[PDB]
file structure-v1.txt (compact mmCIF, C-alpha atoms)
# COMPACT_ATOMS: atom_id res chain seq x y z
CA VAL A 2 128.80 52.20 295.64
CA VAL A 3 125.28 52.24 294.18
CA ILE A 4 121.95 50.87 295.39
CA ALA A 5 119.80 51.09 292.25
CA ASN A 6 116.01 50.77 292.54
CA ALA A 7 115.65 51.32 296.30
CA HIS A 8 112.11 52.51 295.51
CA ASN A 9 109.82 52.42 292.45
CA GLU A 10 108.37 55.91 293.01
CA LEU A 11 110.72 58.93 292.91
CA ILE A 12 112.97 59.28 295.99
CA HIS A 13 113.26 62.60 297.86
CA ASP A 14 115.74 61.92 300.65
CA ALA A 15 118.63 59.59 301.56
CA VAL A 16 120.53 60.14 304.82
CA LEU A 17 123.32 58.13 306.52
CA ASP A 18 123.42 58.03 310.34
CA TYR A 19 125.98 59.09 312.96
CA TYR A 20 128.35 56.37 311.78
CA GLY A 21 127.74 56.95 308.09
CA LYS A 22 127.00 53.27 307.62
CA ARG A 23 123.22 53.01 308.07
CA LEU A 24 121.30 54.40 305.08
CA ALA A 25 117.68 55.58 304.97
CA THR A 26 115.45 56.73 302.11
CA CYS A 27 111.98 58.18 301.52
CA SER A 28 109.81 58.90 298.48
CA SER A 29 106.30 59.25 297.05
CA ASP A 30 105.44 55.62 297.80
CA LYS A 31 104.86 57.06 301.26
CA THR A 32 107.47 54.77 302.79
CA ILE A 33 110.98 54.88 304.28
CA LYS A 34 113.66 52.18 303.78
CA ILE A 35 116.60 51.26 306.02
CA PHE A 36 119.78 49.98 304.36
CA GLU A 37 123.20 48.66 305.41
CA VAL A 38 125.98 49.55 303.00
CA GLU A 39 129.55 48.21 303.23
CA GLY A 40 132.05 48.14 300.39
CA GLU A 41 129.96 47.94 297.23
CA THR A 42 127.11 45.84 298.57
CA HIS A 43 123.83 46.56 300.38
CA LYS A 44 120.98 44.88 302.21
CA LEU A 45 117.49 46.23 302.78
CA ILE A 46 116.60 46.04 306.46
CA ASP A 47 113.00 47.27 306.60
CA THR A 48 110.29 49.51 305.13
CA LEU A 49 108.67 52.15 307.35
CA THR A 50 104.93 52.60 306.84
CA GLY A 51 102.41 55.16 308.03
CA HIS A 52 102.59 58.44 306.09
CA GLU A 53 99.46 59.21 304.10
CA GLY A 54 101.37 61.17 301.48
CA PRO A 55 104.77 61.35 299.77
CA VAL A 56 107.58 61.58 302.36
CA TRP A 57 109.80 64.63 301.91
CA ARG A 58 112.63 64.24 304.40
CA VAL A 59 114.34 62.27 307.15
CA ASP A 60 116.87 62.99 309.88
CA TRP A 61 118.83 60.54 312.04
CA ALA A 62 119.13 61.42 315.71
CA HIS A 63 122.24 61.35 317.88
CA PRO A 64 123.06 57.82 319.07
CA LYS A 65 122.94 58.93 322.71
CA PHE A 66 119.13 58.79 322.55
CA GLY A 67 118.83 55.45 320.81
CA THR A 68 118.41 54.49 317.17
CA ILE A 69 115.82 56.99 315.91
CA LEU A 70 114.82 58.47 312.56
CA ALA A 71 112.45 61.35 311.97
CA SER A 72 110.42 62.00 308.86
CA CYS A 73 107.87 64.52 307.55
CA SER A 74 105.48 64.46 304.60
CA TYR A 75 103.06 66.27 302.32
CA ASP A 76 100.54 64.77 304.76
CA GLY A 77 101.44 67.53 307.21
CA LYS A 78 102.73 65.36 310.06
CA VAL A 79 106.01 64.13 311.48
CA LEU A 80 106.75 60.57 312.56
CA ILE A 81 109.62 59.44 314.76
CA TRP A 82 110.83 55.85 314.43
CA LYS A 83 112.80 53.45 316.65
CA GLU A 84 114.81 50.22 316.22
CA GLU A 85 114.54 48.59 319.64
CA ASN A 86 115.47 44.89 319.98
CA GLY A 87 115.90 44.61 316.22
CA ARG A 88 112.68 46.09 314.83
CA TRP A 89 111.41 49.56 313.83
CA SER A 90 108.20 51.02 315.31
CA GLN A 91 106.39 54.40 315.28
CA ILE A 92 106.97 55.71 318.79
CA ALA A 93 105.53 59.24 318.51
CA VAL A 94 103.71 61.48 316.05
CA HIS A 95 103.88 65.27 315.66
CA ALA A 96 101.17 67.06 313.71
CA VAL A 97 100.36 70.68 314.53
CA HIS A 98 100.69 72.13 311.03
CA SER A 99 97.94 72.52 308.45
CA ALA A 100 100.01 71.89 305.31
CA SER A 101 102.94 69.83 304.02
CA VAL A 102 105.90 69.58 306.45
CA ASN A 103 109.01 69.95 304.34
CA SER A 104 111.87 69.62 306.73
CA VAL A 105 112.69 68.15 310.02
CA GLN A 106 115.96 68.16 311.92
CA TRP A 107 117.35 66.96 315.23
CA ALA A 108 118.95 69.69 317.29
CA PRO A 109 122.52 69.26 318.59
CA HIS A 110 122.68 66.37 321.10
CA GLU A 111 123.51 68.93 323.81
CA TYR A 112 120.01 70.42 323.67
CA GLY A 113 118.56 66.97 324.18
CA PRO A 114 116.20 65.18 321.76
CA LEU A 115 114.67 68.30 320.13
CA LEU A 116 113.22 68.45 316.62
CA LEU A 117 113.13 71.44 314.23
CA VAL A 118 110.09 71.39 311.93
CA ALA A 119 109.11 73.70 309.03
CA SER A 120 105.85 73.74 307.01
CA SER A 121 104.10 75.16 303.95
CA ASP A 122 101.60 76.54 306.44
CA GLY A 123 104.18 79.19 307.22
CA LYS A 124 104.95 78.03 310.73
CA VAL A 125 107.87 76.38 312.43
CA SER A 126 107.64 74.03 315.40
CA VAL A 127 110.16 73.04 318.05
CA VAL A 128 109.47 69.70 319.74
CA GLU A 129 110.88 67.79 322.72
CA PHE A 130 109.59 64.48 324.02
CA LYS A 131 108.49 64.82 327.66
CA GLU A 132 109.48 62.52 330.52
CA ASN A 133 106.31 60.52 329.82
CA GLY A 134 106.32 60.61 326.01
CA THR A 135 103.74 63.15 324.78
CA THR A 136 104.76 66.46 323.18
CA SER A 137 104.29 70.13 324.25
CA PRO A 138 105.92 72.18 321.41
CA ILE A 139 106.72 75.77 320.44
CA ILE A 140 104.89 77.06 317.37
CA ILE A 141 105.88 80.27 315.62
CA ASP A 142 104.67 82.09 312.50
CA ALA A 143 107.96 82.38 310.58
CA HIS A 144 107.27 83.13 306.86
CA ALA A 145 104.45 84.19 304.59
CA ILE A 146 103.37 81.74 301.80
CA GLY A 147 105.31 78.78 303.25
CA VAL A 148 108.50 77.56 305.04
CA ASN A 149 110.67 75.03 303.11
CA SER A 150 113.60 74.43 305.42
CA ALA A 151 115.07 75.05 308.86
CA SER A 152 118.51 74.26 310.29
CA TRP A 153 120.04 74.45 313.75
CA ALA A 154 123.13 76.52 314.48
CA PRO A 155 125.91 74.62 316.22
CA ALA A 156 125.86 74.83 320.03
CA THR A 157 127.45 77.72 322.01
CA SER A 170 122.20 80.78 323.11
CA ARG A 171 120.30 78.55 320.69
CA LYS A 172 119.75 79.70 317.09
CA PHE A 173 118.35 78.29 313.84
CA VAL A 174 117.86 79.53 310.28
CA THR A 175 114.71 79.11 308.25
CA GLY A 176 114.08 79.62 304.54
CA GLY A 177 110.65 80.58 303.29
CA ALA A 178 108.80 80.87 300.00
CA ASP A 179 108.68 84.62 300.67
CA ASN A 180 112.19 84.63 299.26
CA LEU A 181 113.58 85.44 302.70
CA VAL A 182 116.18 83.72 304.90
CA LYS A 183 115.73 84.20 308.71
CA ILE A 184 117.82 83.69 311.85
CA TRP A 185 116.07 82.78 315.08
CA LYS A 186 117.23 82.91 318.69
CA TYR A 187 115.52 81.68 321.86
CA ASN A 188 114.38 84.28 324.39
CA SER A 189 113.45 83.88 328.09
CA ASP A 190 111.15 86.89 328.53
CA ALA A 191 109.13 85.28 325.75
CA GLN A 192 109.62 81.55 326.27
CA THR A 193 109.88 81.41 322.46
CA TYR A 194 112.26 81.79 319.53
CA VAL A 195 112.34 85.42 318.39
CA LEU A 196 113.29 86.83 314.98
CA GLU A 197 116.89 88.06 315.22
CA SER A 198 117.57 88.93 311.58
CA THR A 199 115.93 88.93 308.19
CA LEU A 200 118.28 88.40 305.25
CA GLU A 201 117.06 89.59 301.84
CA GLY A 202 118.77 88.32 298.73
CA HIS A 203 116.76 85.83 296.71
CA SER A 204 114.19 86.83 294.08
CA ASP A 205 112.34 83.57 294.31
CA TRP A 206 111.39 80.87 296.81
CA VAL A 207 114.19 79.72 299.12
CA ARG A 208 114.29 75.91 298.92
CA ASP A 209 116.78 75.05 301.64
CA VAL A 210 119.07 76.58 304.28
CA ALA A 211 122.07 74.98 305.93
CA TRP A 212 123.97 76.35 308.95
CA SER A 213 127.56 75.13 308.83
CA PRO A 214 128.84 73.32 311.94
CA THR A 215 132.28 74.86 311.47
CA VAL A 216 133.64 75.87 314.88
CA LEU A 217 135.54 78.92 313.60
CA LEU A 218 134.84 82.46 314.82
CA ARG A 219 132.93 83.17 311.62
CA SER A 220 129.53 81.56 311.14
CA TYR A 221 128.47 80.23 307.73
CA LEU A 222 125.02 79.93 306.25
CA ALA A 223 124.14 78.66 302.80
CA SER A 224 120.72 79.25 301.29
CA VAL A 225 119.55 77.74 297.99
CA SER A 226 116.77 79.10 295.78
CA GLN A 227 114.24 78.76 292.98
CA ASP A 228 116.17 81.66 291.44
CA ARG A 229 119.08 79.45 290.41
CA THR A 230 121.62 80.91 292.85
CA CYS A 231 123.27 79.93 296.09
CA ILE A 232 124.16 82.56 298.71
CA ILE A 233 126.67 82.05 301.49
CA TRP A 234 125.75 84.25 304.44
CA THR A 235 128.56 84.96 306.93
CA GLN A 236 128.85 86.74 310.27
CA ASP A 237 132.27 87.64 311.71
CA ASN A 238 130.95 88.06 315.25
CA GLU A 239 127.98 89.30 317.23
CA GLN A 240 128.63 92.93 316.24
CA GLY A 241 128.88 91.98 312.58
CA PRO A 242 125.86 91.90 310.20
CA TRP A 243 125.13 88.97 307.85
CA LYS A 244 127.11 89.63 304.67
CA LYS A 245 125.77 88.32 301.35
CA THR A 246 128.11 86.49 298.96
CA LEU A 247 126.82 84.74 295.81
CA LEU A 248 128.35 81.31 295.38
CA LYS A 249 129.21 82.38 291.83
CA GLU A 250 128.59 85.48 289.70
CA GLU A 251 126.65 83.61 286.99
CA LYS A 252 123.31 82.01 287.76
CA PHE A 253 123.15 78.22 287.60
CA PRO A 254 121.46 76.16 284.85
CA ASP A 255 118.57 74.95 287.00
CA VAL A 256 116.91 75.38 290.42
CA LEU A 257 119.16 74.67 293.40
CA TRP A 258 117.27 72.36 295.79
CA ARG A 259 119.59 71.47 298.64
CA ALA A 260 122.65 72.54 300.56
CA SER A 261 124.82 70.42 302.85
CA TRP A 262 127.99 71.14 304.79
CA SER A 263 130.59 68.48 305.52
CA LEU A 264 131.40 67.92 309.20
CA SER A 265 134.94 69.17 308.79
CA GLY A 266 136.66 71.37 306.24
CA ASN A 267 133.52 73.44 305.82
CA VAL A 268 132.90 72.11 302.31
CA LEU A 269 129.52 72.78 300.72
CA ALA A 270 127.58 70.18 298.70
CA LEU A 271 125.09 71.81 296.31
CA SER A 272 122.29 69.75 294.73
CA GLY A 273 120.97 71.24 291.50
CA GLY A 274 117.92 70.59 289.36
CA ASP A 275 120.02 69.49 286.41
CA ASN A 276 120.44 66.55 288.78
CA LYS A 277 124.08 67.53 289.21
CA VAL A 278 126.08 67.90 292.44
CA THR A 279 128.78 70.57 292.67
CA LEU A 280 131.29 70.87 295.52
CA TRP A 281 132.72 74.08 296.92
CA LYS A 282 135.31 75.42 299.37
CA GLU A 283 136.42 78.89 300.40
CA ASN A 284 139.73 80.53 299.46
CA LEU A 285 142.05 83.32 300.68
CA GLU A 286 139.76 85.84 299.02
CA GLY A 287 136.60 84.81 300.81
CA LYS A 288 135.13 83.67 297.51
CA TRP A 289 134.11 80.13 296.71
CA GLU A 290 135.52 77.77 294.13
CA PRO A 291 135.27 74.04 293.17
CA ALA A 292 136.77 71.85 295.88

call {"tool": "encode", "arguments": {"input": "structure-v1.txt", "output": "structure tokens"}}
result
Amino acid sequence: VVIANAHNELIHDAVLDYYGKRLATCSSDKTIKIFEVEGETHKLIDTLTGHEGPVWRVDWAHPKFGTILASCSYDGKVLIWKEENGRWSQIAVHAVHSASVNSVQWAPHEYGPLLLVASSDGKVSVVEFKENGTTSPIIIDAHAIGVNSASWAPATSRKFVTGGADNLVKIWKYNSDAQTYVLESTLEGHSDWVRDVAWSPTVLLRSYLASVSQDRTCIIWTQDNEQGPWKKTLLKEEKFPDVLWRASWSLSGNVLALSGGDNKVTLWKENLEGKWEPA
């Protein structure tokens, strides 16, 4: 199934929603597009407008809140969108960062309608939408140089991993006696900017993290339990041909989808040894 020419400017993100039927894209044209794919057909449904700069990413929210989509852009702001009564409209706007926002992600539906945001300004913001609408977020300084990604850990006590341009990967946990997310662990292992970080939703004892970097390597970080440390495990002994840009875990099977710069997508799974191989 292919939807050629969804945009005329280069596209940076395409995400299907909770039912994996409703597509959504974003690119330099500074717009988002909603699609409806079936067998091998497709129908545009709208074009979201507002961002003053190329749009970097989008994330669909859990259906239990409505039909929402979040986006962020080089313009250093985040826009939420809604499809009420049959038409999309900018409900809220989040802009507390002073540089390009590169990632945005809806927390687990159990936490409510929270949003995880990371920016080149080095900070990360956590945002909920009050009873009235406005937003009173959490802002933390999380990386030097710039933050490129941030992902939520599955639900139990709330944790999320960030990936900065300081080559570091970082786990965060919420604390009461601070009313903020505090730095739980710093994981060193990349020699160049970390482009993305994905926390696997696998519900097994062991937790899985996958970080991708400008150094042409993918690292799977794992933690057996609370007393265990985060163990480093290169996805493969040899570096890759080009820069790895994204990492995505399936919802089941704990299968990793790696997006390279040689515009190639490799798939991996774990084996008896604890080493990865092509799935």

call {"tool": "closest_atom_pairs", "arguments": {"input": "structure-v1.txt", "of": "segment 203-230 of chain A", "to": "segment 108-124 of chain A", "cutoff": "12 Å", "atoms": "all atoms listed in the file", "output": "Markdown table"}}
result
| residue | atom | partner | partner_atom | distance |
| --- | --- | --- | --- | --- |
| A:206 | CA | A:121 | CA | 11.7 |
| A:208 | CA | A:121 | CA | 11.4 |
| A:209 | CA | A:119 | CA | 10.7 |
| A:210 | CA | A:119 | CA | 11.4 |
| A:212 | CA | A:108 | CA | 11.8 |
| A:214 | CA | A:109 | CA | 10.0 |

call {"tool": "residues_near_point", "arguments": {"input": "structure-v1.txt", "point": "(100.4, 66.7, 318.4)", "cutoff": "12 Å", "atoms": "only C-alpha atoms", "output": "list in words"}}
result
residues 77, 78, 79, 80, 93, 94, 95, 96, 97, 98, 99, 126, 127, 128, 129, 130, 134, 135, 136, 137, 138, 139 and 140 of chain A

call {"tool": "closest_residue", "arguments": {"input": "structure-v1.txt", "among": "A:144, A:229, A:171, A:63", "to": "residue 199 of chain A", "atoms": "all atoms listed in the file"}}
result
A:144

call {"tool": "closest_residue", "arguments": {"input": "structure-v1.txt", "among": "A:133, A:224, A:204, A:152", "to": "residue 182 of chain A", "atoms": "all atoms listed in the file"}}
result
A:224

call {"tool": "residues_around", "arguments": {"input": "structure-v1.txt", "residues": "segment 258-270 of chain A", "least_positions_apart": "6", "cutoff": "10 Å", "atoms": "all atoms listed in the file", "output": "mmCIF file with C-alpha atoms, keeping the file's coordinate frame"}}
result
data_model
loop_
_atom_site.group_PDB
_atom_site.id
_atom_site.type_symbol
_atom_site.label_atom_id
_atom_site.label_comp_id
_atom_site.auth_asym_id
_atom_site.auth_seq_id
_atom_site.Cartn_x
_atom_site.Cartn_y
_atom_site.Cartn_z
ATOM 1 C CA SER A 150 113.600 74.430 305.420
ATOM 2 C CA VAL A 207 114.190 79.720 299.120
ATOM 3 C CA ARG A 208 114.290 75.910 298.920
ATOM 4 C CA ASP A 209 116.780 75.050 301.640
ATOM 5 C CA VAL A 210 119.070 76.580 304.280
ATOM 6 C CA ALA A 211 122.070 74.980 305.930
ATOM 7 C CA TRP A 212 123.970 76.350 308.950
ATOM 8 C CA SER A 213 127.560 75.130 308.830
ATOM 9 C CA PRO A 214 128.840 73.320 311.940
ATOM 10 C CA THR A 215 132.280 74.860 311.470
ATOM 11 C CA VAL A 216 133.640 75.870 314.880
ATOM 12 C CA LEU A 217 135.540 78.920 313.600
ATOM 13 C CA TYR A 221 128.470 80.230 307.730
ATOM 14 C CA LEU A 222 125.020 79.930 306.250
ATOM 15 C CA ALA A 223 124.140 78.660 302.800
ATOM 16 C CA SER A 224 120.720 79.250 301.290
ATOM 17 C CA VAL A 225 119.550 77.740 297.990
ATOM 18 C CA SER A 226 116.770 79.100 295.780
ATOM 19 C CA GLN A 227 114.240 78.760 292.980
ATOM 20 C CA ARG A 229 119.080 79.450 290.410
ATOM 21 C CA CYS A 231 123.270 79.930 296.090
ATOM 22 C CA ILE A 233 126.670 82.050 301.490
ATOM 23 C CA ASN A 276 120.440 66.550 288.780
ATOM 24 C CA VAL A 278 126.080 67.900 292.440
ATOM 25 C CA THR A 279 128.780 70.570 292.670
ATOM 26 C CA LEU A 280 131.290 70.870 295.520
ATOM 27 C CA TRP A 281 132.720 74.080 296.920
ATOM 28 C CA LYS A 282 135.310 75.420 299.370
ATOM 29 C CA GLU A 283 136.420 78.890 300.400
ATOM 30 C CA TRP A 289 134.110 80.130 296.710
ATOM 31 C CA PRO A 291 135.270 74.040 293.170
ATOM 32 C CA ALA A 292 136.770 71.850 295.880
#

call {"tool": "closest_atom_pairs", "arguments": {"input": "structure-v1.txt", "of": "segment 62-156 of chain A", "to": "segment 23-42 of chain A", "cutoff": "10 Å", "atoms": "all atoms listed in the file", "output": "tab-separated table"}}
result
residue	atom	partner	partner_atom	distance
A:70	CA	A:25	CA	8.6
A:72	CA	A:27	CA	8.4
A:73	CA	A:27	CA	9.7
A:74	CA	A:31	CA	8.1
A:75	CA	A:29	CA	9.4
A:76	CA	A:31	CA	9.5
A:89	CA	A:35	CA	9.5

call {"tool": "residues_around", "arguments": {"input": "structure-v1.txt", "residues": "residue 198 of chain A", "least_positions_apart": "6", "cutoff": "8 Å", "atoms": "all atoms listed in the file", "output": "short mmCIF file (atom, residue, chain, number, x, y, z; two decimals) with C-alpha atoms, in the frame of the given file"}}
result
data_model
loop_
_atom_site.label_atom_id
_atom_site.label_comp_id
_atom_site.auth_asym_id
_atom_site.auth_seq_id
_atom_site.Cartn_x
_atom_site.Cartn_y
_atom_site.Cartn_z
CA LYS A 183 115.73 84.20 308.71
CA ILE A 184 117.82 83.69 311.85
CA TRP A 185 116.07 82.78 315.08
#

call {"tool": "atom_distance", "arguments": {"input": "structure-v1.txt", "atom1": "atom CA of residue 286 of chain A", "atom2": "atom CA of residue 177 of chain A"}}
result
29.9 Å

call {"tool": "closest_residue", "arguments": {"input": "structure-v1.txt", "among": "A:170, A:244, A:66, A:205", "to": "residue 188 of chain A", "atoms": "only C-alpha atoms"}}
result
A:170
